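Remarks on the structure that follows.
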Amino acid sequence: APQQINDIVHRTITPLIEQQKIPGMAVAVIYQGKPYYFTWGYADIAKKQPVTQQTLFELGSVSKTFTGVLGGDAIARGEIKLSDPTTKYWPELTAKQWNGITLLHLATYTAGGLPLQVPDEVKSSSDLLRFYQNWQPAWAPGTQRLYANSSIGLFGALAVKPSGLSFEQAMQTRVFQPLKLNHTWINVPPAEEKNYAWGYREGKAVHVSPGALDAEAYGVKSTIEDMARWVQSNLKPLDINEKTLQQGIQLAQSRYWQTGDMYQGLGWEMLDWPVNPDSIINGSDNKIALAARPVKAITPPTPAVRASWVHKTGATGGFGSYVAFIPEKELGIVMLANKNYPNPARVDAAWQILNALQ
Ligand SMILES: *[B]([O])([O])[C][N]S(=O)(=O)[C]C1=[C][C]=[C]C(C([O])=O)=[C]1
């Protein structure tokens, strides 16, 4: 690999792994469109299995970017509109607070205070209907952003209804397959189990627990190679041959709302490049990222801006992921680790690497 990339990546990631006690990590840098890969440490500490370019990691909320793109593809297909009331796709949702809450609100966490988690107590489909029917918004729709699995998770489930496909079926056939993401999974198959890293939480090996709307909000697992290809696809959607998918990727990077210096896409979040690193670094801390913030509607949404830092953090109990890219520069990074370590450390390392390469 070019020595510049080798040095920049190793000088940043090595101390990060040491400081954060990360058991295993994979990184891809996309530079001028081509991927370069780096691996450290262990997928499975007990069985002494190293991290490789084929290791599967839990993406956590990086999964929201796939959900956003799949939703975008459904809009491009003419199956849904972001302006369509939620109740159009879930007629049983008759409670009055849902009047005026659209698919856009669900996709972008602006429905008016849907909670971060779906309660663990929600096990059945009737439990899910009950939860949404009884939910009381704190705010009018489209006025405040509150990051939430229960918001974009519902969006994903409703977005695929017109297709008649399950969420998993829709994701596989409309996103994973056309992009040749052949080691990316919502449910890790037995054939790929030997590659599935353990996550580590307080020293214990863990995998993500089953839960309501898990697939839609945080349930994707992938390898560093497939994630590099995901970044390439989002960097350059015009190279994608499937028209609705190309369009969906573009829609997911449109700017729908602004809060402070960040813009909300579908799954993706974006800031103007050049960024103030303190802004993205401090902004990624869950103390800010998960806060209720007033939003300004972008009316109409700005189409994907090439001079953007586009990114998403993801976590599960045992895993911590980060993806960031800058379309204008054909530059990006994926960092996948089997420990959920603090977001600002992820973003700081990412910015150090991309800034040195740009
Ligand atoms: B995203 O990364 O912001 C979502 N993160 S998460 O921690 O909410 C994902 C999640 C939800 C429920 C259970 C688990 C788990 O690891 O068992 C993870």
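Each chain in the structure tokens gets a letter, A, B, ..., in the order shown, and its residues are numbered from 1; ligands are numbered from 1 in order too.
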Protein and nucleic acid residues within 8 Å of ligand 1 (only C-alpha atoms and all ligand atoms) as a JSON list (two decimals) with N, CA, C and O atoms, in the first residue's frame:
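Just written: result_0.json:
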[["chain", "number", "residue", "atom", "x", "y", "z"],
["A", 59, "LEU", "N", -22.69, -4.00, 12.83],
["A", 59, "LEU", "CA", -22.64, -2.58, 12.47],
["A", 59, "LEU", "C", -23.43, -1.66, 13.40],
["A", 59, "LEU", "O", -23.22, -0.45, 13.39],
["A", 60, "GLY", "N", -24.32, -2.22, 14.22],
["A", 60, "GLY", "CA", -25.18, -1.38, 15.05],
["A", 60, "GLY", "C", -25.89, -0.37, 14.18],
["A", 60, "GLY", "O", -26.36, -0.71, 13.09],
["A", 61, "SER", "N", -25.95, 0.89, 14.61],
["A", 61, "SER", "CA", -26.69, 1.87, 13.84],
["A", 61, "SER", "C", -26.11, 2.33, 12.50],
["A", 61, "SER", "O", -26.76, 3.07, 11.78],
["A", 62, "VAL", "N", -24.93, 1.87, 12.13],
["A", 62, "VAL", "CA", -24.56, 2.03, 10.72],
["A", 62, "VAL", "C", -25.60, 1.31, 9.85],
["A", 62, "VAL", "O", -25.74, 1.64, 8.67],
["A", 64, "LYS", "N", -28.60, 1.77, 9.94],
["A", 64, "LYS", "CA", -29.56, 2.82, 9.56],
["A", 64, "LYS", "C", -29.28, 3.41, 8.19],
["A", 64, "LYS", "O", -30.19, 3.87, 7.52],
["A", 116, "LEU", "N", -35.86, 6.42, 22.14],
["A", 116, "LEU", "CA", -34.63, 5.81, 21.66],
["A", 116, "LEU", "C", -34.77, 4.30, 21.43],
["A", 116, "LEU", "O", -34.40, 3.79, 20.36],
["A", 117, "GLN", "N", -35.34, 3.59, 22.40],
["A", 117, "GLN", "CA", -35.50, 2.14, 22.27],
["A", 117, "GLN", "C", -36.97, 1.76, 22.21],
["A", 117, "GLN", "O", -37.83, 2.40, 22.85],
["A", 147, "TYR", "N", -32.97, 11.32, 18.27],
["A", 147, "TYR", "CA", -32.48, 10.11, 17.63],
["A", 147, "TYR", "C", -33.12, 8.89, 18.26],
["A", 147, "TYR", "O", -33.19, 8.80, 19.49],
["A", 148, "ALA", "N", -33.62, 7.96, 17.44],
["A", 148, "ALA", "CA", -34.45, 6.89, 17.99],
["A", 148, "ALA", "C", -34.52, 5.66, 17.08],
["A", 148, "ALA", "O", -34.83, 5.76, 15.87],
["A", 149, "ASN", "N", -34.26, 4.50, 17.67],
["A", 149, "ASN", "CA", -34.48, 3.24, 16.95],
["A", 149, "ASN", "C", -35.95, 3.03, 16.62],
["A", 149, "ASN", "O", -36.28, 2.47, 15.58],
["A", 206, "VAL", "N", -20.18, -11.31, 23.65],
["A", 206, "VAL", "CA", -21.61, -11.07, 23.45],
["A", 206, "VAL", "C", -21.95, -10.84, 21.97],
["A", 206, "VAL", "O", -21.13, -10.34, 21.19],
["A", 207, "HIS", "N", -23.18, -11.22, 21.60],
["A", 207, "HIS", "CA", -23.75, -10.84, 20.31],
["A", 207, "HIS", "C", -25.02, -10.08, 20.56],
["A", 207, "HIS", "O", -25.63, -10.19, 21.62],
["A", 208, "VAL", "N", -25.45, -9.32, 19.56],
["A", 208, "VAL", "CA", -26.66, -8.49, 19.68],
["A", 208, "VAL", "C", -27.88, -9.35, 20.05],
["A", 208, "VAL", "O", -28.03, -10.47, 19.55],
["A", 209, "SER", "N", -28.71, -8.85, 20.96],
["A", 209, "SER", "CA", -29.89, -9.60, 21.36],
["A", 209, "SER", "C", -31.00, -9.34, 20.35],
["A", 209, "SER", "O", -31.16, -8.22, 19.88],
["A", 210, "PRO", "N", -31.84, -10.35, 20.08],
["A", 210, "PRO", "CA", -33.06, -10.15, 19.30],
["A", 210, "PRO", "C", -34.00, -9.12, 19.92],
["A", 210, "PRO", "O", -34.22, -9.10, 21.14],
["A", 211, "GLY", "N", -34.58, -8.29, 19.09],
["A", 211, "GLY", "CA", -35.56, -7.32, 19.59],
["A", 211, "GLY", "C", -36.44, -6.78, 18.49],
["A", 211, "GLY", "O", -36.18, -6.94, 17.30],
["A", 214, "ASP", "N", -35.28, -4.76, 15.20],
["A", 214, "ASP", "CA", -33.82, -4.85, 15.21],
["A", 214, "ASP", "C", -33.18, -4.80, 13.81],
["A", 214, "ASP", "O", -32.21, -4.08, 13.59],
["A", 217, "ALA", "N", -33.30, -1.16, 12.48],
["A", 217, "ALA", "CA", -32.59, -0.10, 13.18],
["A", 217, "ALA", "C", -31.12, -0.39, 13.48],
["A", 217, "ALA", "O", -30.33, 0.54, 13.56],
["A", 218, "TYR", "N", -30.73, -1.65, 13.66],
["A", 218, "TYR", "CA", -29.35, -1.86, 14.09],
["A", 218, "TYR", "C", -28.86, -3.29, 13.84],
["A", 218, "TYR", "O", -27.91, -3.73, 14.49],
["A", 219, "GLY", "N", -29.49, -4.00, 12.92],
["A", 219, "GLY", "CA", -29.23, -5.44, 12.84],
["A", 219, "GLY", "C", -28.32, -5.97, 11.74],
["A", 219, "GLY", "O", -28.27, -7.17, 11.52],
["A", 313, "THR", "N", -22.17, 6.83, 13.13],
["A", 313, "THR", "CA", -21.65, 5.93, 14.16],
["A", 313, "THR", "C", -22.60, 4.76, 14.40],
["A", 313, "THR", "O", -23.80, 4.85, 14.15],
["A", 314, "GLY", "N", -22.07, 3.63, 14.87],
["A", 314, "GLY", "CA", -22.95, 2.53, 15.22],
["A", 314, "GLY", "C", -22.43, 1.78, 16.42],
["A", 314, "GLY", "O", -21.22, 1.67, 16.61],
["A", 315, "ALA", "N", -23.34, 1.27, 17.25],
["A", 315, "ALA", "CA", -22.91, 0.45, 18.38],
["A", 315, "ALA", "C", -23.88, -0.66, 18.61],
["A", 315, "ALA", "O", -25.08, -0.50, 18.39],
["A", 316, "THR", "N", -23.38, -1.77, 19.12],
["A", 316, "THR", "CA", -24.21, -2.71, 19.86],
["A", 316, "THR", "C", -23.51, -2.92, 21.22],
["A", 316, "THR", "O", -22.50, -2.27, 21.50],
["A", 317, "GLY", "N", -24.02, -3.81, 22.06],
["A", 317, "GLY", "CA", -23.42, -3.98, 23.38],
["A", 317, "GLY", "C", -21.94, -4.30, 23.27],
["A", 317, "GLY", "O", -21.17, -3.88, 24.11],
["A", 318, "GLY", "N", -21.57, -5.03, 22.23],
["A", 318, "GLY", "CA", -20.22, -5.55, 22.08],
["A", 318, "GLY", "C", -19.40, -4.98, 20.94],
["A", 318, "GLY", "O", -18.25, -5.38, 20.78],
["A", 319, "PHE", "N", -19.96, -4.04, 20.18],
["A", 319, "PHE", "CA", -19.32, -3.58, 18.93],
["A", 319, "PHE", "C", -19.41, -2.06, 18.77],
["A", 319, "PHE", "O", -20.36, -1.44, 19.24],
["A", 320, "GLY", "N", -18.44, -1.47, 18.06],
["A", 320, "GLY", "CA", -18.44, -0.04, 17.80],
["A", 320, "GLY", "C", -17.95, 0.18, 16.38],
["A", 320, "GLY", "O", -16.84, -0.23, 16.06]]
Which parts of segment 203-269 of chain A does DSSP call helix (DSSP H, G or I) when run on the backbone here, written out as a PyMOL selection string?
chain A and resi 214-218+224-235+237-239+243-252
Report as JSON lines the residues of segment 37-146 of chain A within 8 Å of segment 247-260 of chain A, each with its shortest atom pair and distance in Å (one decimal), using only C-alpha atoms, ordered by chain and increasing residue number.
{"residue": "A:65", "atom": "CA", "partner": "A:252", "partner_atom": "CA", "distance": 7.8}
{"residue": "A:68", "atom": "CA", "partner": "A:252", "partner_atom": "CA", "distance": 5.7}
{"residue": "A:69", "atom": "CA", "partner": "A:249", "partner_atom": "CA", "distance": 5.2}
{"residue": "A:70", "atom": "CA", "partner": "A:248", "partner_atom": "CA", "distance": 6.8}
{"residue": "A:71", "atom": "CA", "partner": "A:248", "partner_atom": "CA", "distance": 7.1}
{"residue": "A:72", "atom": "CA", "partner": "A:248", "partner_atom": "CA", "distance": 3.7}
{"residue": "A:73", "atom": "CA", "partner": "A:248", "partner_atom": "CA", "distance": 4.0}
{"residue": "A:74", "atom": "CA", "partner": "A:248", "partner_atom": "CA", "distance": 7.4}
{"residue": "A:75", "atom": "CA", "partner": "A:248", "partner_atom": "CA", "distance": 7.2}
{"residue": "A:76", "atom": "CA", "partner": "A:248", "partner_atom": "CA", "distance": 6.1}
{"residue": "A:108", "atom": "CA", "partner": "A:256", "partner_atom": "CA", "distance": 7.9}
Write to file, as a short mmCIF file (atom, residue, chain, number, x, y, z; two decimals), in the first residue's frame, the residues of the selection just made, with N, CA, C and O atoms.
data_model
loop_
_atom_site.label_atom_id
_atom_site.label_comp_id
_atom_site.auth_asym_id
_atom_site.auth_seq_id
_atom_site.Cartn_x
_atom_site.Cartn_y
_atom_site.Cartn_z
N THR A 65 -28.02 3.41 7.78
CA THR A 65 -27.71 3.88 6.43
C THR A 65 -28.24 2.92 5.35
O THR A 65 -28.68 3.38 4.32
N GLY A 68 -31.98 3.57 5.31
CA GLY A 68 -32.25 4.82 4.63
C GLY A 68 -32.18 4.66 3.12
O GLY A 68 -33.02 5.18 2.40
N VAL A 69 -31.14 3.98 2.64
CA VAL A 69 -31.01 3.73 1.21
C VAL A 69 -32.13 2.82 0.70
O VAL A 69 -32.62 3.03 -0.39
N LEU A 70 -32.51 1.80 1.46
CA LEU A 70 -33.57 0.91 1.01
C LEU A 70 -34.87 1.71 0.91
O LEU A 70 -35.66 1.49 -0.03
N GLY A 71 -35.08 2.61 1.87
CA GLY A 71 -36.24 3.49 1.82
C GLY A 71 -36.18 4.39 0.60
O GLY A 71 -37.17 4.58 -0.08
N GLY A 72 -35.01 4.99 0.35
CA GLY A 72 -34.80 5.79 -0.85
C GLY A 72 -35.11 5.04 -2.14
O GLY A 72 -35.73 5.56 -3.06
N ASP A 73 -34.69 3.78 -2.21
CA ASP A 73 -34.95 2.96 -3.38
C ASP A 73 -36.46 2.73 -3.55
O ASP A 73 -36.98 2.70 -4.68
N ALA A 74 -37.17 2.58 -2.44
CA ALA A 74 -38.61 2.39 -2.52
C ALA A 74 -39.31 3.66 -3.01
O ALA A 74 -40.29 3.56 -3.74
N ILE A 75 -38.80 4.82 -2.61
CA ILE A 75 -39.32 6.08 -3.13
C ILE A 75 -39.07 6.16 -4.63
O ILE A 75 -39.98 6.48 -5.41
N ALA A 76 -37.85 5.82 -5.04
CA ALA A 76 -37.48 5.84 -6.46
C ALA A 76 -38.35 4.89 -7.28
O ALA A 76 -38.65 5.15 -8.44
N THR A 108 -36.45 10.42 9.93
CA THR A 108 -35.49 11.43 10.33
C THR A 108 -35.57 11.81 11.82
O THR A 108 -34.98 12.82 12.25
#
Would you mind listing what lies within 9 Å of residue 84 of chain A as a list in words, with only C-alpha atoms counted and same-chain residues fewer than 3 positions away left out?
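Close residues of residue 84 of chain A: residues 80, 81, 87, 88, 89, 101, 102, 103 and 104 of chain A.
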